[PDB]
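Residue numbers (our numbering), protein chains in the order written: chain A, 1 to 257; chain B, 258 to 518; chain C, 519 to 779; chain D, 780 to 1036. From the three backbone atoms N, C-alpha and C, an ideal C-beta is built for every residue, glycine too.
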Amino acid sequence: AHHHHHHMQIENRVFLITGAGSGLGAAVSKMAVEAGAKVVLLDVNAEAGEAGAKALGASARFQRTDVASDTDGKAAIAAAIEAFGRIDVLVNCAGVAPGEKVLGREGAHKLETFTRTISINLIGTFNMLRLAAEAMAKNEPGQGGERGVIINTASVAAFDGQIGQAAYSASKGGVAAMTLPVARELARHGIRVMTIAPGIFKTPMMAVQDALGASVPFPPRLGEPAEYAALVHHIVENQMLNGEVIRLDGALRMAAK
Amino acid sequence: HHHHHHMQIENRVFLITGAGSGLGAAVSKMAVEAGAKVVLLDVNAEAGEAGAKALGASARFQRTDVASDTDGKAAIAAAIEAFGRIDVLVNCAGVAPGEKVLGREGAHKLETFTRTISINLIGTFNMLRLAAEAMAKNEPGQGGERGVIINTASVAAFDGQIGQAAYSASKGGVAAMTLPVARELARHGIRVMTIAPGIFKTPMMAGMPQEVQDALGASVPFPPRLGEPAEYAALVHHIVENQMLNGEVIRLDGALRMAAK
Amino acid sequence: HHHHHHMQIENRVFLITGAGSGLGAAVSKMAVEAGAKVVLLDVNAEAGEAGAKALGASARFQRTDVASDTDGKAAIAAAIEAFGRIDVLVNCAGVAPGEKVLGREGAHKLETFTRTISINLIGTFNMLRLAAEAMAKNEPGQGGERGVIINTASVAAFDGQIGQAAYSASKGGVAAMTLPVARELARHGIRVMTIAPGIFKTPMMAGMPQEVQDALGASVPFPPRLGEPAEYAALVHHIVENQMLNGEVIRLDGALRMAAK
Amino acid sequence: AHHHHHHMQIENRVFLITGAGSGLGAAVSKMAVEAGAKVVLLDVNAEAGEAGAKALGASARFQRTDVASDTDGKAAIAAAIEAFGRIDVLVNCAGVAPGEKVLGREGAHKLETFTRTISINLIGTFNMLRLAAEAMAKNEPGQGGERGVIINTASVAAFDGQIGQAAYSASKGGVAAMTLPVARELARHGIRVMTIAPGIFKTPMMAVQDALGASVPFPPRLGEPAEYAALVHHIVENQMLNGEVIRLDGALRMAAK
Ligand SMILES: [Zn+2]
Ligand SMILES: [Zn+2]
């Protein structure tokens, strides 16, 4: 709990978190509530999201959301403003991570599976960021003029994609590449934009694993979701982090297989 | 003099998207002049038909939406019908709109972001999966090589400007795909490379006010001008020849590092 | 609130280079205020002695040329003598001259390029090899961790300006080392990370005309100001705590992308 | 031999090539002579360099050169001007590629071996580039104002350094990182600056290899030095290539060991 001078405040800030019913998004939601923030959990899975909001208590709300939907994205923003009056932080954690070869025995990679991965991972992340940015721009200027922080989730697959990861790598590389042009624009509103590229974490995302985990130099294990949430926490607090993609991966460099 | 090579492009068959104009038209001209056969693919029928006509009997055109499963399959079949095989795919089809995340009239449209992704990223994947399937049937040539796939990203994948969220996302996705696709297709002797062009004299650029074009050229350290599409095509030619180039994104940009505006 | 962590920095020992000023002074202040012990290393005896004095009994200073085998070994031994162990090394020592490849008075001096490399790159390697040797003796702590090494590169490793050949080379070398060193030192539970700072309020910067400092701040998208050394130190603190950060270079730069001039 | 409109001419251009007595530098020397250029071979090894110049014929000269020496670098430039009257292209191929762990049984990595690798690979490359640039700036402006091309050699170790490659990776990453600030400056003189990052080639440089070679996705072999020279040739001819590092590696991504 020691902080630097001119650190940004996290207490009483309102977080919008996608994929919040599980894995990384669930961990960010827990971290934020435990740090004294408010959280609006967004997930397509109502059972998981309602359970998470219930477990977190009155600092949390759940809003069922398909992140690729214009309507649902707008409703998520509206839900946050209804509950807590503002939005300060968006963390995009919703994603899918299929494996499918370009060429298999049973044919070429289906176009629909590529399109779906792009839709959820990349279009969904953009949809939430454009709408969250619009809401954040309405905030009064905080310390140094800051109005909000947007944190996206890429993957080490954006850098070291394995056989079978064309769709996933394309989607996450697209997320990564957006960070800079979005940060450049949203600077005039005091909204920072950052991306975390996780390695292998213990989540439902990759539901072979053991072999990947054994290839992680140090620590020689799957990541704890709370370690991803810790980095989110630091990005929120450290105003100089902007426009960058941070690998959070134990120095993993994935092999082709 | 000679250019050291494995793949000899004479009588090999190129499938080229965006071939009615700009970079794809330049690749098509380069390939025909090097003795290759070319199947030009474009949504612009007028431009594509005129290009194939100008190039002569070594060229064919088929009007194609690269994001369509149907049209992609029809394009492969058209190439096989005309020329019996496919050796090289060059994905040049793309759109490069500018639109702010937060505009005067509201947030960036979801539909426009989706369209840019669809044409630039989904279309490139669609053509690569289908071309790879065809190439995998080829007899291995020099050094075991069955084919080469070359995609077009952009410097916007690295230095995206204000207004380029969609374009940067799409081209960053193309760039990031290169490795996992190359790793897999290596098993078939099919190389996968990406070129990230800087600012080139394309139809869109040529349509801009001269004062604007001149300012864009001035942002490029050397040569301090717009790139000529034939220079992009020359790099495509080198990638085809140089078997050691694989799994990489090459910036072709005069050392440009785009500013925010 | 809490910050999720493995390494607890209370009563752990930091070795910090360039500790008399700027970033290294800020790391030293951060570490002492978090309950750590600090061994400040600098060539500037006056600044180093004053810093250790201001920090109190949890700090020591030893005058050290980081590029010297002898001085590096003496520094390790001094830390072990005072505090019994070394847990964290932070390499902040550096020089950032500007000198053109082709100047008015002739080509860039070879001697000045060599000096910048010597201090920034050779000095960082020298201290990391010796600190790693000491850390490898530590009892494994939380999650098997014996130590953390954090190096300082620069945005110049990515976007080097005119005049920065030597600085960019040195800092690009630091950046590129991170992975092979992390891969090896993983066998000892020692993590290796690099921070690439943008424009910070260091002694050199503070000495520039205000008009100049103000223009530099204006080049940074957000926050549109010089970085505070304590913000660099805060990232150092986070790296120590967050065991999953390893083998990476983190830009801490306000989204700055330096122009050529 | 088909070229694009506005291609830069290679015939009768004068190449200065370091490390020219073996491996990649020897291949560039052969390529350039066979393409109708003049070559001044630079190497510390007089036996190898003299043999190479003899084999290439009257289009070639040898000048013994320690690339890290100010005096020898100046003499190399002077030798080129004496023989051929100008310098058009510099290709820096001289390098050493030792393997040494940070921590071994017999102690920490020697400081002297790190310093030597830096000296030859990085300081030597800078030394030759500063002096070649100064000579190139004296040329009359060619097509589009171009006066020269400088091509440096990094390595895949600049990206994917293995255990034991601290020195090599540092040196080659330093080379890579210089490309942009040097290109930015030398643009005013019409001198382009590019870097090639080779993977594993069949040269004396790496005198384990078989395992590395088996990890190269395609082509599944060591690189031919003539393929590196082919890329050099294309960089010389293609004016739009500037300020960039090109991996030439068969899609190799080196594992830790
Ligand atoms: Zn905090
Ligand atoms: Zn040629």
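- In terms of Cβ geometry, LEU882 of chain D and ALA650 of chain C form a close pair [threshold 7 Å].
- By the neighbour-count definition (other C-beta atoms within 10 Å, threshold 16), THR850 of chain D is an exposed residue.
- In terms of side-chain proximity, the C-beta atom of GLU617 of chain C is found no nearer than 6 Å to any non-hydrogen atom of ligand 2.
- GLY943 of chain D places its beta carbon less than 7 Å from that of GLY878 of chain D.
- For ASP299 of chain B, the enclosing beta strand (DSSP E) covers residues 294-299.
- The residue from C:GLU623, C:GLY612, C:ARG647, C:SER576 with its alpha-carbon nearest to that of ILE667 of chain C is C:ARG647.
- The beta strand (DSSP E) runs lying completely inside the region 953-991 of chain D and spanning 3 residues or more are 970-977, given in chain order.
- Closest in alpha carbon position to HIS522 of chain C, among A:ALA207, A:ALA229, A:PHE114, is A:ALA229.
- Going by C-alpha positions, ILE717 of chain C is about 20 Å away from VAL961 of chain D.
- Partner residues in the beta bridge of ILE246 of chain A, as assigned by DSSP, are A:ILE196.
- Unbroken beta strand (DSSP E) stretches of 3 residues or longer found wholly inside the region 129-163 of chain A: 148-153, given in chain order.
- In terms of beta-carbon proximity, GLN988 of chain D stays away from the interface with chain B, with every pair separated by 7 Å or more.
- Counting C-beta atoms within 10 angstroms of its own C-beta, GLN162 of chain A has 16 or more neighbours from the protein chains shown and is therefore classed as buried.
- When secondary structure is reduced to three states using DSSP, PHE218 of chain A falls in the coil class, being assigned neither helix nor strand.
- With fewer than three CB-CB distances shorter than 8 Å, the region 565-582 of chain C does not count as touching the region 501-508 of chain B.
- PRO739 of chain C and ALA187 of chain A have their C-alpha atoms roughly 6 Å apart.
- Not one heavy atom of ligand 1 sits closer than 6 Å to the Cβ of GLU224 of chain A.
- Assignment of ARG884 of chain D by DSSP, reduced to helix, strand and coil, places it in the coil class.
- Bounds of any beta strand (DSSP E) do not take in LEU502 of chain B, whose DSSP letter is neither H nor E.
- Contact check between the region 583-599 of chain C and the region 556-566 of chain C: three or more CB pairs, one atom from each, fall below 8 Å, which counts as touching.
- By the C-beta density criterion, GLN500 of chain B is buried, having at least 16 other C-beta atoms within 10 angstroms.
- With at least 16 other beta carbons inside 10 angstroms of its own, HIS365 of chain B counts as buried.
- DSSP lists D:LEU820, D:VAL870 as the bridge partner or partners of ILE796 of chain D.
- Against chain C, the CB of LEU959 of chain D has a partner CB under 7 Å away; the residue lies at that interface.
- At least one heavy atom of ligand 2 is found less than 6 Å from the C-beta of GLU1016 of chain D.
- Apart from sequence neighbours up to five positions away, the residues of its chain that approach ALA876 of chain D with a beta-carbon distance below 7 Å are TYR947, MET984, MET985, ordered along the chain.
- When the beta-carbon positions are compared, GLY95 of chain A and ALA426 of chain B stay at least 7 Å from each other.
- Short of 6 Å from the beta carbon of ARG448 of chain B, and not among the five residues preceding or following it, lie these beta carbons of its own chain, in chain order: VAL405, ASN503.
- A distance below 7 Å separates the beta carbons of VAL584 of chain C and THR535 of chain C.
- Residues of chain B whose Cβ lies closer than 7 Å to the Cβ of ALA108 of chain A are, in chain order, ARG386, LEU387, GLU390.
- Residue range 577-581 is occupied by the beta strand (DSSP E) that includes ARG581 of chain C.
- Within the DSSP secondary-structure output, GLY223 of chain A pairs in a beta bridge with A:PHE201.
- Within 10 angstroms of the beta-carbon of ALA736 of chain C lie fewer than 16 other beta-carbons, which makes it exposed.
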